[PDB]
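Take a look at the structure below.
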Amino acid sequence: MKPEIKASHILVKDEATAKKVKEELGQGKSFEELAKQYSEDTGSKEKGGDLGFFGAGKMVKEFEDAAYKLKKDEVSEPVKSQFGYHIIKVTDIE
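Using the numbering used here, the first residue of the sequence shown is number 6, and each one after it goes up by one.
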């Protein structure tokens, strides 16, 4: 029912590592570079963390809820899911 959004993410094993990734994004490193260096998501770490376009019910609830609260280009605080901790960036909104 929701409009499709496009997002990238960096998946890490713990919250301290997620806060560190978030801080490094403001220290001169790009999201695409940090995804290659830190992300545990094999399917997106080779694509700058891009997950492509998705709508409601495509991603796990914890990820979907956090992503739909972000403004365009906004980077989330650490988001816990069953896969670990995510740093999410919404790159496009309907």
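Note that beta-carbon positions come from the ideal geometry of N, C-alpha and C, so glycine has one too.
Reduced DSSP category for residue i - H, G, I as helix; E, B as strand; rest coil
i: residue 11; result: strand
i: residue 47; result: coil
i: residue 56; result: strand
i: residue 84; result: strand
i: residue 78; result: coil
Through-space distance from residue j to residue i, alpha-carbon basis
i: residue 80; j: residue 93; result: 6 Å
i: residue 32; j: residue 59; result: 30 Å
i: residue 30; j: residue 15; result: 11 Å
i: residue 57; j: residue 20; result: 24 Å
i: residue 27; j: residue 65; result: 21 Å
Strand pairing of residue i, partner residues [DSSP]
i: residue 16; result: 91
i: residue 70; result: DSSP output for residue 70 lists no bridge partner at all.
Residue i classed as buried or exposed, judged by whether at least 16 other C-beta atoms fall within 10 angstroms
i: residue 95; result: buried
i: residue 6; result: exposed
i: residue 12; result: buried
i: residue 48; result: exposed
i: residue 84; result: buried
CA nearest to the CA of residue i, picked from the options
i: residue 55; options: 91, 99, 82, 8; result: 91
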